[PDB]
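One chain comes next, on its own, written out as structure tokens in the form deposited in one PDB entry.
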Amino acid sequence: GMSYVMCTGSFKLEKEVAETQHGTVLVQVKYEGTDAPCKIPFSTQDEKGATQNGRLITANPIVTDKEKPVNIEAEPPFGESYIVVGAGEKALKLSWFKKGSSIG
């Protein structure tokens, strides 16, 4: 076990966001900062911004080597959201829309 900072640099989207069979998205990011190894900040934010719910499925997303892209799986909220990877301005913000509602 070890003690890491939250990544402070920029993330780029490495390829198109993919959508799984079960209401989640697969996002592959490339880190451009200089503090690896580091923990990837992750939040979901509002169609106007705000602190909207949602779920990070990936256990503990980490940049181990900045040259290696990282896969992250997330469950966005229903309706319009941003899936945000990184901290601050220059956070990677991914627009998303999820139709419907929970079943059952």
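Numbers for residues come from their place in the sequence shown, where the first is 1.
Chemist: Output the stretch having the higher mean C-alpha B factor in the entry; the candidates are 73-81 and 50-58.
Modeler: Between 73-81 and 50-58, it is 50-58.
Chemist: Going by what the PDB entry lists, where does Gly23 fall on CA B-factor within its chain: lowest, middle or highest third?
Modeler: Highest third - that is where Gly23 ends up once the chain's C-alpha B-factors are sorted.
Chemist: Please place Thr44 in the lowest, middle or highest third of its chain by C-alpha B factor as given in the entry.
Modeler: Middle third of the chain for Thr44's C-alpha B-factor.
Chemist: By the recorded C-alpha temperature factor, relative to the other modelled residues in its chain, which third is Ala87 in?
Modeler: Lowest third, going by the recorded CA B-factors of the chain.
Chemist: Is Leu13 in the lowest, middle or highest third of its chain when residues are ranked by C-alpha B-factor?
Modeler: Ranked within chain, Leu13 CA B lands in the lowest tercile.
Chemist: Compare the C-alpha B factor of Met2 with those of the other modelled residues in its chain, then answer lowest, middle or highest third.
Modeler: Within its chain, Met2 is a highest-third residue by C-alpha B-factor, going by the deposited values.
Beyond the structure shown, there is the form deposited with a partner chain bound, which is absent from this document and is the topic of what follows.
Chemist: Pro69, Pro41, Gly33, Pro37: which sits within 4.5 Å of its partner chain in the entry with it bound by any heavy atom?
Modeler: For this set of options, the contacting one is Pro41.
Chemist: Considering only heavy atoms, tell me if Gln45 and its partner chain come within 4.5 Å of each other in the entry with it bound.
Modeler: Contact with its partner chain, yes.
Chemist: Do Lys93 and its partner chain come within 4.5 Å of each other in the entry with it bound, heavy atoms counted?
Modeler: Looking in the entry with it bound, residue contacts with its partner chain include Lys93, since a heavy atom lies within 4.5 Å.
Chemist: Are any of the heavy atoms in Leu13 no more than 4.5 Å from a heavy atom of its partner chain in the entry with it bound?
Modeler: No, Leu13 sits far enough from its partner chain in the entry with it bound that none of its heavy atoms falls within 4.5 Å.
Chemist: Does any heavy atom of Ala87 come within 4.5 Å of a heavy atom of its partner chain in the entry with it bound?
Modeler: Contact with its partner chain, yes.
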